Amino acid sequence: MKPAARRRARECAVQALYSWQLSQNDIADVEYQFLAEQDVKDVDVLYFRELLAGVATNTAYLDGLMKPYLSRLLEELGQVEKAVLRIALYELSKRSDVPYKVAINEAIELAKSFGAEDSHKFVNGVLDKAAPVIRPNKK
């Protein structure tokens, strides 16, 4: 148990989100299967598998966060990055013990190291607008 590790899964899921577009396989099991495959530090993510189902039955719900930020098209924006932020939207709802504004800090991260550069800062703003939706707590 090290504070330096906050469970890759979350951020790792974006990669699987990318596989969905190209693979188009199942979805709930497929995304998280990536974690189990190629031995990703051997970590129990079976429960994480269920998390994708939410998007599969609440994708439009997640759309509410992006509602304010679309960028012409979701498929156009950075494949992985767009996916990275997509899961980030749920992060606000499933917020274990973290606020909404704090999640914004991850945006750039999940769009600077999990995707591409140049247009990384723009990703942060998406979370700013998309964050204050799933949770209208307005800290």
Query - Selection count where residues are touching a residue at least 40 places away in the same chain (Cβ under 8 Å) and either over 14 Å from the mean Cα position of the chain (by Cα) or farther than 19 Å from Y61 by Cα (or both), scope the stretch 95-105 - result: 1
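Please work out which residue is surrounded by the most Cβ atoms within 10 Å (Cβ to Cβ), limiting yourself to the stretch 36-81 and to residues that are among the aromatic types (F, W, Y) and over 16 Å from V14 (Cβ atoms).
Checked the stretch 36-81; the qualifying residue surrounded by the most Cβ atoms within 10 Å (Cβ to Cβ) is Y69.
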Query raised in the report: Looking at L127, is it in a helix (DSSP H, G or I) and either under 14 Å from the mean Cα position of the chain (by Cα) or more than 20 Å from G54 (Cα to Cα) (or both)?
Result: yes
Query raised in the report: So which of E81, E76 ends up being in a helix (DSSP H, G or I), closer than 24 Å to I134 by Cα and of a type in the set (D, E, K, R)?
Result: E81
Query raised in the report: Quick check: anything in the stretch 97-111 among the aromatic types (F, W, Y), over 16 Å from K67 (Cα atoms) and in contact with a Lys or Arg (Cβ under 7 Å, 6 or more places away or on another chain)?
Result: yes
Report task. Can you work out which of the residues in the stretch 91-116 that are among the hydrophobic types (A, V, I, L, M, F, W, C) and in a loop (DSSP other than H, G, I, E, B) is surrounded by the most Cβ atoms within 10 Å (Cβ to Cβ)? Result -> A111
Report task. Return yes when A88 is exposed (fewer than 13 other Cβ atoms within 10 Å of the Cβ), on the phi < 0 side of the Ramachandran plot and part of a helix (DSSP H, G or I) and no when it is not. Result -> no
Requested in this report: Would you mention how many residues in the stretch 1-29 are within 17 Å of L46 (Cα to Cα) and not in a helix (DSSP H, G or I)?
Outcome: 5
Requested in this report: Go through the stretch 76-94 and give me each residue that's among the charged types (D, E, K, R) and either touching an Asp or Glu at 6+ places or on another chain (Cβ under 9 Å) or touching a residue at least 40 places away in the same chain (Cβ under 8 Å) (or both).
Outcome: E81, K82, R86, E91, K94
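Throughout, read-outs are computed from the coordinates displayed, never taken from laboratory work. Ideal geometry is used to build each Cβ from the backbone, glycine not excepted, and the neighbour counts take in all protein chains shown.
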